file coords_22.txt (compact mmCIF, C-alpha atoms)
# COMPACT_ATOMS: atom_id res chain seq x y z
CA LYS E 1 8.31 10.10 18.41
CA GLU E 2 5.10 9.78 16.33
CA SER E 3 2.22 11.67 17.94
CA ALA E 4 -0.83 9.78 18.89
CA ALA E 5 -2.63 12.23 16.56
CA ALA E 6 -0.41 11.43 13.63
CA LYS E 7 -0.65 7.76 14.46
CA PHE E 8 -4.42 7.87 14.35
CA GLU E 9 -4.30 9.66 10.99
CA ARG E 10 -1.89 7.11 9.63
CA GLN E 11 -3.86 4.15 10.86
CA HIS E 12 -7.32 5.43 10.35
CA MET E 13 -7.70 8.25 7.90
CA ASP E 14 -7.94 7.95 4.16
CA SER E 15 -10.27 10.79 3.19
CA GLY E 16 -11.52 10.41 -0.39
CA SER E 17 -10.87 -2.77 -4.69
CA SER E 18 -10.82 -6.13 -2.95
CA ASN E 19 -7.10 -5.51 -2.25
CA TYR E 20 -7.61 -2.19 -0.67
CA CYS E 21 -6.83 -3.52 2.80
CA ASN E 22 -3.91 -5.55 1.65
CA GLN E 23 -2.29 -2.51 0.13
CA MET E 24 -3.27 0.05 2.66
CA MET E 25 -2.40 -2.02 5.73
CA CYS E 26 0.98 -2.35 4.15
CA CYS E 27 1.35 1.30 3.05
CA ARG E 28 0.26 2.62 6.49
CA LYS E 29 2.65 0.31 8.23
CA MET E 30 0.39 -2.06 10.01
CA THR E 31 2.23 -5.06 8.61
CA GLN E 32 5.77 -4.06 9.69
CA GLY E 33 6.95 -6.93 11.94
CA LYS E 34 3.41 -8.24 12.56
CA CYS E 35 -0.02 -8.19 10.99
CA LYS E 36 -2.46 -5.74 12.64
CA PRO E 37 -5.34 -8.15 13.08
CA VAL E 38 -8.05 -5.62 12.52
CA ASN E 39 -8.05 -2.00 11.45
CA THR E 40 -10.59 0.60 10.29
CA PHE E 41 -9.87 3.38 7.75
CA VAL E 42 -12.32 6.24 7.81
CA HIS E 43 -13.13 8.11 4.55
CA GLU E 44 -14.87 11.10 5.92
CA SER E 45 -12.80 14.31 6.06
CA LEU E 46 -10.17 14.70 8.67
CA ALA E 47 -12.30 17.63 10.01
CA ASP E 48 -15.44 15.53 10.34
CA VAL E 49 -13.39 12.97 12.29
CA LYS E 50 -11.72 15.40 14.61
CA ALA E 51 -15.18 16.83 15.31
CA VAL E 52 -16.20 13.45 16.78
CA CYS E 53 -14.14 14.55 19.76
CA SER E 54 -16.81 17.16 20.59
CA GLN E 55 -19.69 14.74 20.07
CA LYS E 56 -21.21 12.03 22.29
CA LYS E 57 -18.86 10.78 25.10
CA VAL E 58 -19.06 7.00 25.58
CA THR E 59 -16.89 4.68 27.53
CA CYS E 60 -14.06 3.09 25.58
CA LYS E 61 -14.01 -0.64 25.15
CA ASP E 62 -11.03 -0.77 27.55
CA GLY E 63 -12.74 1.29 30.28
CA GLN E 64 -10.98 4.46 29.58
CA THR E 65 -13.53 7.20 29.50
CA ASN E 66 -12.21 9.34 26.67
CA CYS E 67 -14.11 7.80 23.86
CA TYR E 68 -16.47 9.67 21.59
CA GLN E 69 -19.16 8.33 19.37
CA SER E 70 -19.82 10.06 16.01
CA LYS E 71 -23.22 11.69 15.72
CA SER E 72 -23.56 10.71 12.05
CA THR E 73 -22.64 7.57 10.10
CA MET E 74 -19.33 7.46 8.28
CA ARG E 75 -17.98 5.81 5.21
CA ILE E 76 -15.36 3.52 6.61
CA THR E 77 -13.57 0.38 5.40
CA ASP E 78 -13.07 -2.52 7.78
CA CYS E 79 -9.76 -4.36 7.26
CA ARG E 80 -9.72 -7.76 8.92
CA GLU E 81 -7.05 -10.50 8.61
CA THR E 82 -7.97 -13.33 6.32
CA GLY E 83 -7.52 -16.88 7.65
CA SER E 84 -4.40 -17.25 5.57
CA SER E 85 -2.72 -14.17 6.88
CA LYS E 86 0.56 -15.05 8.53
CA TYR E 87 3.28 -12.42 8.88
CA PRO E 88 5.32 -11.59 6.76
CA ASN E 89 2.49 -12.26 4.35
CA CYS E 90 -0.34 -10.32 5.94
CA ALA E 91 -3.49 -10.62 3.94
CA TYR E 92 -6.80 -8.86 4.75
CA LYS E 93 -10.49 -8.87 3.92
CA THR E 94 -11.90 -5.60 2.73
CA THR E 95 -15.34 -4.50 3.79
CA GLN E 96 -16.97 -1.14 3.21
CA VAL E 97 -19.80 0.04 5.45
CA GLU E 98 -21.41 3.21 6.69
CA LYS E 99 -21.47 3.24 10.48
CA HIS E 100 -21.05 5.50 13.41
CA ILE E 101 -17.49 5.36 14.72
CA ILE E 102 -16.30 5.50 18.32
CA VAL E 103 -12.78 7.02 18.67
CA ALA E 104 -10.66 7.92 21.60
CA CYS E 105 -9.44 11.45 21.95
CA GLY E 106 -6.55 13.09 23.70
CA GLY E 107 -4.20 16.07 23.65
CA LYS E 108 -4.99 19.78 23.51
CA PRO E 109 -6.64 20.35 21.25
CA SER E 110 -8.38 17.04 21.83
CA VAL E 111 -8.09 14.92 18.69
CA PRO E 112 -8.71 11.26 17.94
CA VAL E 113 -5.80 9.02 19.03
CA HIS E 114 -7.33 5.53 18.81
CA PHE E 115 -10.06 4.01 16.78
CA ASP E 116 -12.21 2.21 19.36
CA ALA E 117 -15.11 0.66 17.47
CA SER E 118 -17.80 1.15 14.91
CA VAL E 119 -21.36 0.78 16.40
CA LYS Y 1 22.16 -6.02 2.71
CA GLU Y 2 18.90 -6.35 0.67
CA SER Y 3 19.89 -8.42 -2.39
CA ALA Y 4 19.35 -7.14 -5.90
CA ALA Y 5 17.17 -10.23 -6.42
CA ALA Y 6 14.88 -9.40 -3.51
CA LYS Y 7 14.79 -5.69 -4.32
CA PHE Y 8 13.56 -6.58 -7.73
CA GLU Y 9 10.86 -8.74 -6.14
CA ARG Y 10 9.82 -6.03 -3.71
CA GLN Y 11 9.85 -3.41 -6.41
CA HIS Y 12 8.30 -5.18 -9.37
CA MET Y 13 6.42 -8.27 -8.40
CA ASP Y 14 2.85 -8.34 -7.40
CA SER Y 15 1.63 -11.62 -8.88
CA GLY Y 16 -2.18 -12.17 -8.90
CA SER Y 17 -7.95 0.99 -8.39
CA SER Y 18 -6.44 3.99 -10.13
CA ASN Y 19 -4.81 4.58 -6.67
CA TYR Y 20 -3.06 1.22 -7.13
CA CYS Y 21 0.27 2.91 -7.72
CA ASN Y 22 -0.16 5.37 -4.90
CA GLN Y 23 -0.79 2.50 -2.65
CA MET Y 24 1.71 -0.13 -3.85
CA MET Y 25 4.56 2.31 -4.43
CA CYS Y 26 4.03 3.30 -0.81
CA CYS Y 27 3.70 -0.21 0.38
CA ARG Y 28 6.77 -1.60 -1.36
CA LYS Y 29 8.68 1.32 0.04
CA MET Y 30 9.58 3.16 -3.12
CA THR Y 31 8.08 6.35 -1.55
CA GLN Y 32 10.39 6.13 1.44
CA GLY Y 33 12.94 8.85 1.86
CA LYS Y 34 12.12 9.99 -1.68
CA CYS Y 35 9.66 9.22 -4.50
CA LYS Y 36 10.71 6.79 -7.21
CA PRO Y 37 9.84 8.46 -10.52
CA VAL Y 38 8.75 5.44 -12.45
CA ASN Y 39 8.06 1.86 -11.53
CA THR Y 40 6.40 -1.17 -13.03
CA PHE Y 41 4.80 -4.08 -11.21
CA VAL Y 42 4.37 -7.35 -13.01
CA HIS Y 43 1.42 -9.55 -12.27
CA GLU Y 44 2.64 -12.79 -13.78
CA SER Y 45 4.08 -15.50 -11.51
CA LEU Y 46 7.58 -15.13 -10.09
CA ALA Y 47 8.67 -18.14 -12.18
CA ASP Y 48 7.55 -16.58 -15.44
CA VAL Y 49 9.39 -13.42 -14.63
CA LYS Y 50 12.52 -15.21 -13.43
CA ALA Y 51 12.21 -17.22 -16.59
CA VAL Y 52 12.74 -14.09 -18.59
CA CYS Y 53 16.48 -14.23 -17.89
CA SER Y 54 16.57 -17.13 -20.30
CA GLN Y 55 14.69 -15.45 -22.99
CA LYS Y 56 15.52 -12.92 -25.68
CA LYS Y 57 18.78 -10.99 -25.17
CA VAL Y 58 18.31 -7.25 -25.76
CA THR Y 59 20.29 -4.18 -25.04
CA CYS Y 60 19.35 -2.19 -21.98
CA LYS Y 61 18.06 1.34 -22.09
CA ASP Y 62 21.20 2.24 -20.28
CA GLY Y 63 23.63 0.57 -22.63
CA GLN Y 64 24.34 -2.36 -20.39
CA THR Y 65 24.28 -5.80 -21.97
CA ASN Y 66 22.51 -7.94 -19.43
CA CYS Y 67 18.90 -7.28 -20.53
CA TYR Y 68 16.35 -9.84 -21.59
CA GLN Y 69 12.93 -9.45 -23.13
CA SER Y 70 10.14 -11.75 -22.22
CA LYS Y 71 8.82 -13.99 -24.96
CA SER Y 72 5.27 -13.55 -23.77
CA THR Y 73 3.21 -10.50 -23.17
CA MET Y 74 2.56 -10.05 -19.47
CA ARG Y 75 -0.07 -8.28 -17.42
CA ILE Y 76 1.73 -5.40 -15.82
CA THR Y 77 0.82 -2.05 -14.17
CA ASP Y 78 2.82 1.08 -14.93
CA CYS Y 79 3.38 3.65 -12.19
CA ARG Y 80 4.65 7.17 -13.03
CA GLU Y 81 4.80 10.20 -10.78
CA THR Y 82 2.12 12.75 -11.72
CA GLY Y 83 3.38 16.31 -12.05
CA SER Y 84 2.63 17.46 -8.55
CA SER Y 85 4.19 14.49 -6.88
CA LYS Y 86 6.76 15.71 -4.29
CA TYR Y 87 8.26 13.89 -1.39
CA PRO Y 88 6.78 13.10 1.07
CA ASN Y 89 3.54 13.24 -0.78
CA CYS Y 90 4.50 10.92 -3.63
CA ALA Y 91 1.73 10.51 -6.12
CA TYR Y 92 1.36 8.30 -9.15
CA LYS Y 93 -0.74 7.62 -12.19
CA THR Y 94 -1.62 3.96 -12.49
CA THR Y 95 -1.77 2.34 -15.92
CA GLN Y 96 -2.48 -1.34 -16.45
CA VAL Y 97 -1.14 -2.75 -19.66
CA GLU Y 98 -0.34 -6.06 -21.32
CA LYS Y 99 3.17 -5.78 -22.78
CA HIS Y 100 6.35 -7.79 -23.17
CA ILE Y 101 8.75 -6.89 -20.35
CA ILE Y 102 12.52 -6.31 -20.45
CA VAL Y 103 14.39 -6.87 -17.20
CA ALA Y 104 18.09 -6.80 -16.41
CA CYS Y 105 19.41 -10.09 -14.97
CA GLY Y 106 22.42 -10.79 -12.73
CA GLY Y 107 23.81 -12.74 -9.81
CA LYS Y 108 24.39 -16.51 -9.65
CA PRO Y 109 21.80 -17.90 -10.52
CA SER Y 110 20.91 -15.18 -13.09
CA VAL Y 111 17.68 -13.63 -11.87
CA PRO Y 112 15.93 -10.29 -12.52
CA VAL Y 113 17.71 -7.45 -10.90
CA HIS Y 114 16.20 -4.42 -12.60
CA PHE Y 115 13.08 -3.67 -14.45
CA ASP Y 116 14.26 -2.09 -17.68
CA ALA Y 117 11.23 -1.41 -19.81
CA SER Y 118 8.09 -2.76 -21.32
CA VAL Y 119 7.55 -3.06 -25.04
call {"tool": "encode", "arguments": {"input": "coords_22.txt", "output": "structure tokens"}}
result
Amino acid sequence: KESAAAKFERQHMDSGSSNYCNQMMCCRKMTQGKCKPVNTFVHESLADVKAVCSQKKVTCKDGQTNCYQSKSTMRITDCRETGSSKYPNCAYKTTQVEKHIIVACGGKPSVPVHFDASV
Amino acid sequence: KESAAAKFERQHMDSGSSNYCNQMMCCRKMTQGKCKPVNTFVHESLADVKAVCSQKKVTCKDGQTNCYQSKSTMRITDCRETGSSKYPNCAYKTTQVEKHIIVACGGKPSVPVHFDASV
């Protein structure tokens, strides 16, 4: 089965125009069978992201208490479904911002397993 | 089974940055199980491309006799594996060009079933 850690890296990491979300949501499999409504890709280094798991502990949006807020801002891209998006033709809006990210962490070593929010 | 017509649409149609090939090749699943060496995406409408089957008859690179060359030049993007590309990390060099395309047609009705070359 796909690890939560590898799932997070597939859904959220892209360390490194207007169709960026369209092509990446497709490439990273968030349009297989349904359109992931919203998804964030983080461009900081995988190391900088994993380090968020040793940063400020916050409560996840769902109440789980294994969320971690990043101490510094991060280049991320917000992928949000356009109003026309309708599986099997998922279409997204691409927005780039610099924000702190909140991720959930799990496993040993503790790594990010869910992208919770961007402050 | 996936029809040759649909495969051609999944593989070569994208009607409508330098990572474009890395992304699209991944998204249209030509990086799945292996990396497809070379691949072209055509940005003209599906009708223009399907119309090619009624255009100029030409021989195919591979000696077959069911190739047709578009009468008009079309906006296309060429994808070619870069030298370090190696499954599962397929990698491509993106090159946008405006050339006449040559596709192989087949089936009933005769539609594009292979992208043969651009000229």
call {"tool": "residues_near_point", "arguments": {"input": "coords_22.txt", "point": "(-10.5, 7.2, 25.3)", "cutoff": "10 Å", "atoms": "all atoms listed in the file", "output": "ChimeraX atom specification"}}
result
/E:53,57-68,102-106,112-116
call {"tool": "closest_atom_pairs", "arguments": {"input": "coords_22.txt", "of": "chain Y", "to": "chain E", "cutoff": "8 Å", "atoms": "all atoms listed in the file", "output": "CSV"}}
result
residue,atom,partner,partner_atom,distance
Y:17,CA,E:17,CA,6.0
Y:23,CA,E:23,CA,5.9
Y:24,CA,E:23,CA,6.1
Y:26,CA,E:27,CA,5.1
Y:27,CA,E:27,CA,3.9
Y:28,CA,E:27,CA,7.6
Y:29,CA,E:27,CA,7.9
call {"tool": "residues_around", "arguments": {"input": "coords_22.txt", "residues": "residue 95 in chain Y", "least_positions_apart": "3", "cutoff": "8 Å", "atoms": "only C-alpha atoms", "output": "PyMOL selection string"}}
result
chain Y and resi 18+77-79
call {"tool": "residues_around", "arguments": {"input": "coords_22.txt", "residues": "residue 71 in chain Y", "least_positions_apart": "3", "cutoff": "9 Å", "atoms": "all atoms listed in the file", "output": "mmCIF file with C-alpha atoms, in the frame of the given file"}}
result
data_model
loop_
_atom_site.group_PDB
_atom_site.id
_atom_site.type_symbol
_atom_site.label_atom_id
_atom_site.label_comp_id
_atom_site.auth_asym_id
_atom_site.auth_seq_id
_atom_site.Cartn_x
_atom_site.Cartn_y
_atom_site.Cartn_z
ATOM 1 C CA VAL Y 52 12.740 -14.090 -18.590
ATOM 2 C CA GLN Y 55 14.690 -15.450 -22.990
ATOM 3 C CA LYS Y 56 15.520 -12.920 -25.680
ATOM 4 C CA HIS Y 100 6.350 -7.790 -23.170
ATOM 5 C CA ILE Y 101 8.750 -6.890 -20.350
#
call {"tool": "residues_near_point", "arguments": {"input": "coords_22.txt", "point": "(-19.0, -1.7, 3.7)", "cutoff": "12 Å", "atoms": "all atoms listed in the file", "output": "VMD selection string"}}
result
chain E and resid 17 to 18 40 to 43 73 to 79 93 to 99 118
call {"tool": "write_last_selection", "arguments": {"input": "coords_22.txt", "atoms": "C-alpha atoms", "output": "short mmCIF file (atom, residue, chain, number, x, y, z; two decimals), keeping the file's coordinate frame"}}
result
data_model
loop_
_atom_site.label_atom_id
_atom_site.label_comp_id
_atom_site.auth_asym_id
_atom_site.auth_seq_id
_atom_site.Cartn_x
_atom_site.Cartn_y
_atom_site.Cartn_z
CA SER E 17 -10.87 -2.77 -4.69
CA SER E 18 -10.82 -6.13 -2.95
CA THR E 40 -10.59 0.60 10.29
CA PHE E 41 -9.87 3.38 7.75
CA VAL E 42 -12.32 6.24 7.81
CA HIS E 43 -13.13 8.11 4.55
CA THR E 73 -22.64 7.57 10.10
CA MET E 74 -19.33 7.46 8.28
CA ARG E 75 -17.98 5.81 5.21
CA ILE E 76 -15.36 3.52 6.61
CA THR E 77 -13.57 0.38 5.40
CA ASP E 78 -13.07 -2.52 7.78
CA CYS E 79 -9.76 -4.36 7.26
CA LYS E 93 -10.49 -8.87 3.92
CA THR E 94 -11.90 -5.60 2.73
CA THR E 95 -15.34 -4.50 3.79
CA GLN E 96 -16.97 -1.14 3.21
CA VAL E 97 -19.80 0.04 5.45
CA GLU E 98 -21.41 3.21 6.69
CA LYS E 99 -21.47 3.24 10.48
CA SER E 118 -17.80 1.15 14.91
#
call {"tool": "atom_distance", "arguments": {"input": "coords_22.txt", "atom1": "CA of residue 34 in chain E", "atom2": "CA of residue 90 in chain E"}}
result
7.9 Å
call {"tool": "atom_distance", "arguments": {"input": "coords_22.txt", "atom1": "CA of residue 45 in chain Y", "atom2": "CA of residue 70 in chain Y"}}
result
12.9 Å
call {"tool": "calpha_fit_and_write", "arguments": {"input": "coords_22.txt", "fixed": "chain E", "moving": "chain Y", "output": "PDB file with C-alpha atoms, keeping the file's coordinate frame"}}
result
ATOM      1  CA  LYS Y   1       8.443  10.235  18.360  1.00  0.00           C
ATOM      2  CA  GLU Y   2       5.372   9.729  16.077  1.00  0.00           C
ATOM      3  CA  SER Y   3       2.513  11.481  17.916  1.00  0.00           C
ATOM      4  CA  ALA Y   4      -0.650   9.647  18.854  1.00  0.00           C
ATOM      5  CA  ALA Y   5      -2.480  12.228  16.719  1.00  0.00           C
ATOM      6  CA  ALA Y   6      -0.448  11.449  13.609  1.00  0.00           C
ATOM      7  CA  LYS Y   7      -0.511   7.699  14.209  1.00  0.00           C
ATOM      8  CA  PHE Y   8      -4.239   7.883  14.251  1.00  0.00           C
ATOM      9  CA  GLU Y   9      -4.135   9.768  10.946  1.00  0.00           C
ATOM     10  CA  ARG Y  10      -1.748   7.293   9.362  1.00  0.00           C
ATOM     11  CA  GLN Y  11      -3.713   4.360  10.663  1.00  0.00           C
ATOM     12  CA  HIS Y  12      -7.308   5.413  10.152  1.00  0.00           C
ATOM     13  CA  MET Y  13      -7.666   8.254   7.739  1.00  0.00           C
ATOM     14  CA  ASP Y  14      -8.006   7.872   4.066  1.00  0.00           C
ATOM     15  CA  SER Y  15     -10.418  10.662   3.154  1.00  0.00           C
ATOM     16  CA  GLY Y  16     -11.869  10.565  -0.411  1.00  0.00           C
ATOM     17  CA  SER Y  17     -10.887  -3.164  -4.570  1.00  0.00           C
ATOM     18  CA  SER Y  18     -11.382  -6.087  -2.221  1.00  0.00           C
ATOM     19  CA  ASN Y  19      -7.526  -5.905  -1.943  1.00  0.00           C
ATOM     20  CA  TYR Y  20      -7.983  -2.400  -0.503  1.00  0.00           C
ATOM     21  CA  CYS Y  21      -7.040  -3.581   2.962  1.00  0.00           C
ATOM     22  CA  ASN Y  22      -4.130  -5.655   1.770  1.00  0.00           C
ATOM     23  CA  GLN Y  23      -2.836  -2.641   0.057  1.00  0.00           C
ATOM     24  CA  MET Y  24      -3.571   0.171   2.539  1.00  0.00           C
ATOM     25  CA  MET Y  25      -2.642  -1.820   5.635  1.00  0.00           C
ATOM     26  CA  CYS Y  26       0.685  -2.363   3.902  1.00  0.00           C
ATOM     27  CA  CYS Y  27       0.988   1.176   2.794  1.00  0.00           C
ATOM     28  CA  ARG Y  28       0.195   2.796   6.130  1.00  0.00           C
ATOM     29  CA  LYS Y  29       2.705   0.460   7.672  1.00  0.00           C
ATOM     30  CA  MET Y  30       0.472  -1.633   9.867  1.00  0.00           C
ATOM     31  CA  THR Y  31       2.002  -4.773   8.227  1.00  0.00           C
ATOM     32  CA  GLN Y  32       5.508  -3.754   9.224  1.00  0.00           C
ATOM     33  CA  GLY Y  33       7.304  -5.927  11.700  1.00  0.00           C
ATOM     34  CA  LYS Y  34       3.989  -7.675  12.377  1.00  0.00           C
ATOM     35  CA  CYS Y  35       0.397  -7.729  11.077  1.00  0.00           C
ATOM     36  CA  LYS Y  36      -2.190  -5.566  12.803  1.00  0.00           C
ATOM     37  CA  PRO Y  37      -5.210  -7.807  13.403  1.00  0.00           C
ATOM     38  CA  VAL Y  38      -7.940  -5.313  12.805  1.00  0.00           C
ATOM     39  CA  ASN Y  39      -8.023  -1.803  11.458  1.00  0.00           C
ATOM     40  CA  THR Y  40     -10.559   0.668  10.172  1.00  0.00           C
ATOM     41  CA  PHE Y  41     -10.005   3.500   7.720  1.00  0.00           C
ATOM     42  CA  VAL Y  42     -12.433   6.366   7.656  1.00  0.00           C
ATOM     43  CA  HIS Y  43     -13.204   8.129   4.433  1.00  0.00           C
ATOM     44  CA  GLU Y  44     -14.786  11.280   5.787  1.00  0.00           C
ATOM     45  CA  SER Y  45     -12.722  14.484   5.993  1.00  0.00           C
ATOM     46  CA  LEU Y  46     -10.128  14.903   8.732  1.00  0.00           C
ATOM     47  CA  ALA Y  47     -12.244  17.727  10.205  1.00  0.00           C
ATOM     48  CA  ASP Y  48     -15.326  15.558  10.544  1.00  0.00           C
ATOM     49  CA  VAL Y  49     -13.335  12.893  12.266  1.00  0.00           C
ATOM     50  CA  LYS Y  50     -11.487  15.329  14.523  1.00  0.00           C
ATOM     51  CA  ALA Y  51     -14.880  16.793  15.205  1.00  0.00           C
ATOM     52  CA  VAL Y  52     -15.930  13.544  16.760  1.00  0.00           C
ATOM     53  CA  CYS Y  53     -14.011  14.399  19.936  1.00  0.00           C
ATOM     54  CA  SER Y  54     -16.748  16.904  20.616  1.00  0.00           C
ATOM     55  CA  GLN Y  55     -19.548  14.573  20.055  1.00  0.00           C
ATOM     56  CA  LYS Y  56     -21.242  11.862  22.081  1.00  0.00           C
ATOM     57  CA  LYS Y  57     -19.268  10.590  25.098  1.00  0.00           C
ATOM     58  CA  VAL Y  58     -19.255   6.779  25.268  1.00  0.00           C
ATOM     59  CA  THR Y  59     -17.316   4.212  27.143  1.00  0.00           C
ATOM     60  CA  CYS Y  60     -14.454   2.546  25.343  1.00  0.00           C
ATOM     61  CA  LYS Y  61     -14.327  -1.129  24.557  1.00  0.00           C
ATOM     62  CA  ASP Y  62     -11.400  -1.231  26.873  1.00  0.00           C
ATOM     63  CA  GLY Y  63     -13.030   0.470  29.817  1.00  0.00           C
ATOM     64  CA  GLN Y  64     -11.289   3.763  29.338  1.00  0.00           C
ATOM     65  CA  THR Y  65     -13.420   6.888  29.516  1.00  0.00           C
ATOM     66  CA  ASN Y  66     -12.117   9.042  26.718  1.00  0.00           C
ATOM     67  CA  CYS Y  67     -14.257   7.644  23.865  1.00  0.00           C
ATOM     68  CA  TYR Y  68     -16.609   9.570  21.643  1.00  0.00           C
ATOM     69  CA  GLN Y  69     -19.139   8.405  19.101  1.00  0.00           C
ATOM     70  CA  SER Y  70     -19.717  10.316  15.952  1.00  0.00           C
ATOM     71  CA  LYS Y  71     -23.121  11.897  15.522  1.00  0.00           C
ATOM     72  CA  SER Y  72     -23.181  11.047  11.850  1.00  0.00           C
ATOM     73  CA  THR Y  73     -22.763   7.814  10.040  1.00  0.00           C
ATOM     74  CA  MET Y  74     -19.509   7.789   8.111  1.00  0.00           C
ATOM     75  CA  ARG Y  75     -18.205   5.915   5.104  1.00  0.00           C
ATOM     76  CA  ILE Y  76     -15.557   3.628   6.466  1.00  0.00           C
ATOM     77  CA  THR Y  77     -13.718   0.441   5.358  1.00  0.00           C
ATOM     78  CA  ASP Y  78     -13.118  -2.390   7.807  1.00  0.00           C
ATOM     79  CA  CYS Y  79      -9.915  -4.419   7.570  1.00  0.00           C
ATOM     80  CA  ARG Y  80      -9.568  -7.762   9.416  1.00  0.00           C
ATOM     81  CA  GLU Y  81      -6.870 -10.377   9.029  1.00  0.00           C
ATOM     82  CA  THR Y  82      -8.177 -13.443   7.169  1.00  0.00           C
ATOM     83  CA  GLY Y  83      -7.358 -16.755   8.820  1.00  0.00           C
ATOM     84  CA  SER Y  84      -4.188 -17.508   6.945  1.00  0.00           C
ATOM     85  CA  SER Y  85      -2.682 -14.115   7.458  1.00  0.00           C
ATOM     86  CA  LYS Y  86       0.824 -14.514   8.991  1.00  0.00           C
ATOM     87  CA  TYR Y  87       3.658 -12.080   9.109  1.00  0.00           C
ATOM     88  CA  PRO Y  88       5.248 -11.207   6.748  1.00  0.00           C
ATOM     89  CA  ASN Y  89       2.449 -12.142   4.461  1.00  0.00           C
ATOM     90  CA  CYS Y  90      -0.277 -10.121   6.168  1.00  0.00           C
ATOM     91  CA  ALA Y  91      -3.605 -10.531   4.496  1.00  0.00           C
ATOM     92  CA  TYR Y  92      -6.938  -8.863   5.054  1.00  0.00           C
ATOM     93  CA  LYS Y  93     -10.589  -8.976   4.177  1.00  0.00           C
ATOM     94  CA  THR Y  94     -11.873  -5.592   3.100  1.00  0.00           C
ATOM     95  CA  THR Y  95     -15.383  -4.520   4.071  1.00  0.00           C
ATOM     96  CA  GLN Y  96     -16.823  -1.121   3.234  1.00  0.00           C
ATOM     97  CA  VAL Y  97     -19.572   0.024   5.519  1.00  0.00           C
ATOM     98  CA  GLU Y  98     -21.451   3.153   6.534  1.00  0.00           C
ATOM     99  CA  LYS Y  99     -21.514   3.255  10.344  1.00  0.00           C
ATOM    100  CA  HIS Y 100     -21.150   5.689  13.216  1.00  0.00           C
ATOM    101  CA  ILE Y 101     -17.553   5.607  14.474  1.00  0.00           C
ATOM    102  CA  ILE Y 102     -16.220   5.651  18.049  1.00  0.00           C
ATOM    103  CA  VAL Y 103     -12.694   6.966  18.508  1.00  0.00           C
ATOM    104  CA  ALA Y 104     -10.667   7.623  21.635  1.00  0.00           C
ATOM    105  CA  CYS Y 105      -9.517  11.256  21.979  1.00  0.00           C
ATOM    106  CA  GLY Y 106      -6.548  12.754  23.851  1.00  0.00           C
ATOM    107  CA  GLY Y 107      -3.758  15.300  23.847  1.00  0.00           C
ATOM    108  CA  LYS Y 108      -4.133  19.098  23.935  1.00  0.00           C
ATOM    109  CA  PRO Y 109      -6.100  19.903  21.726  1.00  0.00           C
ATOM    110  CA  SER Y 110      -8.246  16.738  22.140  1.00  0.00           C
ATOM    111  CA  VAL Y 111      -7.955  14.862  18.866  1.00  0.00           C
ATOM    112  CA  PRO Y 112      -8.520  11.220  17.837  1.00  0.00           C
ATOM    113  CA  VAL Y 113      -5.869   8.972  19.169  1.00  0.00           C
ATOM    114  CA  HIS Y 114      -7.373   5.524  18.719  1.00  0.00           C
ATOM    115  CA  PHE Y 115     -10.014   4.014  16.606  1.00  0.00           C
ATOM    116  CA  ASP Y 116     -12.263   2.212  19.058  1.00  0.00           C
ATOM    117  CA  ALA Y 117     -15.143   0.745  17.125  1.00  0.00           C
ATOM    118  CA  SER Y 118     -17.881   1.329  14.651  1.00  0.00           C
ATOM    119  CA  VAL Y 119     -21.540   1.008  15.505  1.00  0.00           C
TER     120      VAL Y 119
END
call {"tool": "closest_residue", "arguments": {"input": "coords_22.txt", "among": "Y:16, Y:5, Y:37, Y:11", "to": "residue 84 in chain Y", "atoms": "only C-alpha atoms"}}
result
Y:37
call {"tool": "atom_distance", "arguments": {"input": "coords_22.txt", "atom1": "CA of residue 87 in chain Y", "atom2": "CA of residue 6 in chain E"}}
result
17.5 Å
call {"tool": "axis_aligned_box", "arguments": {"input": "coords_22.txt", "around": "range 51-62 of chain Y", "padding_each_side": "8 Å", "output": "AutoDock Vina command-line options"}}
result
--center_x 16.7 --center_y -7.5 --center_z -21.2 --size_x 25.0 --size_y 35.5 --size_z 25.2
call {"tool": "build_atoms", "arguments": {"input": "coords_22.txt", "residues": "range 7-15 of chain E", "atoms": "N, CA and C atoms", "output": "PDB file, keeping the file's coordinate frame"}}
result
ATOM      1  N   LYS E   7      -0.509   9.200  14.576  1.00  0.00           N
ATOM      2  CA  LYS E   7      -0.650   7.760  14.460  1.00  0.00           C
ATOM      3  C   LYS E   7      -2.038   7.398  14.069  1.00  0.00           C
ATOM      4  N   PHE E   8      -2.996   8.089  14.674  1.00  0.00           N
ATOM      5  CA  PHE E   8      -4.420   7.870  14.350  1.00  0.00           C
ATOM      6  C   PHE E   8      -4.676   8.174  12.887  1.00  0.00           C
ATOM      7  N   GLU E   9      -4.165   9.307  12.408  1.00  0.00           N
ATOM      8  CA  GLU E   9      -4.300   9.660  10.990  1.00  0.00           C
ATOM      9  C   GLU E   9      -3.577   8.625  10.089  1.00  0.00           C
ATOM     10  N   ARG E  10      -2.460   8.105  10.499  1.00  0.00           N
ATOM     11  CA  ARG E  10      -1.890   7.110   9.630  1.00  0.00           C
ATOM     12  C   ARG E  10      -2.669   5.794   9.684  1.00  0.00           C
ATOM     13  N   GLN E  11      -3.193   5.435  10.837  1.00  0.00           N
ATOM     14  CA  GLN E  11      -3.860   4.150  10.860  1.00  0.00           C
ATOM     15  C   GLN E  11      -5.277   4.206  10.425  1.00  0.00           C
ATOM     16  N   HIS E  12      -5.908   5.350  10.618  1.00  0.00           N
ATOM     17  CA  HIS E  12      -7.320   5.430  10.350  1.00  0.00           C
ATOM     18  C   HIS E  12      -7.910   6.336   9.350  1.00  0.00           C
ATOM     19  N   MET E  13      -7.176   7.341   8.893  1.00  0.00           N
ATOM     20  CA  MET E  13      -7.700   8.250   7.900  1.00  0.00           C
ATOM     21  C   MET E  13      -7.245   7.962   6.487  1.00  0.00           C
ATOM     22  N   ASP E  14      -8.170   8.088   5.574  1.00  0.00           N
ATOM     23  CA  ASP E  14      -7.940   7.950   4.160  1.00  0.00           C
ATOM     24  C   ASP E  14      -9.135   8.675   3.524  1.00  0.00           C
ATOM     25  N   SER E  15      -9.178   9.982   3.710  1.00  0.00           N
ATOM     26  CA  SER E  15     -10.270  10.790   3.190  1.00  0.00           C
ATOM     27  C   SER E  15     -10.293  10.811   1.663  1.00  0.00           C
TER      28      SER E  15
END
